[PDB]
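Just the one chain here, laid out as structure tokens, in the form deposited in one PDB entry.
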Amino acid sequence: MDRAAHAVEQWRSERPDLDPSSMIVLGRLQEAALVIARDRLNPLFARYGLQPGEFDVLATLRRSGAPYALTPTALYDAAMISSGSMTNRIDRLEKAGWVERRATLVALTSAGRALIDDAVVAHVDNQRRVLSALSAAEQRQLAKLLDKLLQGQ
């Protein structure tokens, strides 16, 4: 029994008037996102000098194609994750030398392009090791259920 199943068990015993079934799927969803970010993905980003969220900025710029420059709005719309503090992240990346602000565009530098080209290869190998417990069918199955849940919001 994991955190979520144990908690549901305690709730059934303590508040029998309650149907706490929904707590398992949502508790596991949030714990999986947290543990994977904290223990797997972010330590790899930090090996590359990237704080959480900064990889996404560079990745979005890189995969938009040459000249790897987007408006801050397009950067938010094309991000993998709709996380905030985008102005702070661009500022940090600029002082680090990986993006520059042109005209108003945010663009990879040569150094930033080189970094993300390196980091994305390490990132996808890391992701496959994160998902290796699930078979290919289970991974597609999990992607489909997550897409339905997301659209339901």
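The first residue of the sequence shown is number 1, and the count goes up from there. Between two forms, the rigid core is the largest collection of C-alphas that superpose within 1.5 Å.
Per the record, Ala103 and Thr104 are separated by 4 to 9 deposited residues that have no coordinates. Annotation for 52-60 versus 91-99: the higher mean temperature factor (C-alpha) is found in 91-99.
Look at the mean CA B-factor for 105-113 and for 30-38 in the entry; the higher one is 105-113. In the deposited entry, the Cα temperature factor of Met1 places it in the highest third of its chain's modelled residues.
Sort the modelled residues of the chain by CA B factor and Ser83 lands in the middle third. For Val25, the recorded CA temperature factor ranks within the middle third of the chain's modelled residues.
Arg128: CA B factor in the middle third of modelled residues in this chain (values from the PDB entry).
Keep in mind the form deposited in another entry is missing from the figure; the text below concerns it.
Only one candidate in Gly49, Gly65, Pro43, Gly84 has its Cα displaced by 2 Å or more between the shown form and the other one after core superposition: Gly84. Compared with the form shown here, the Cα atoms of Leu70 and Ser83 move at least 3 Å closer together in that other deposited form.
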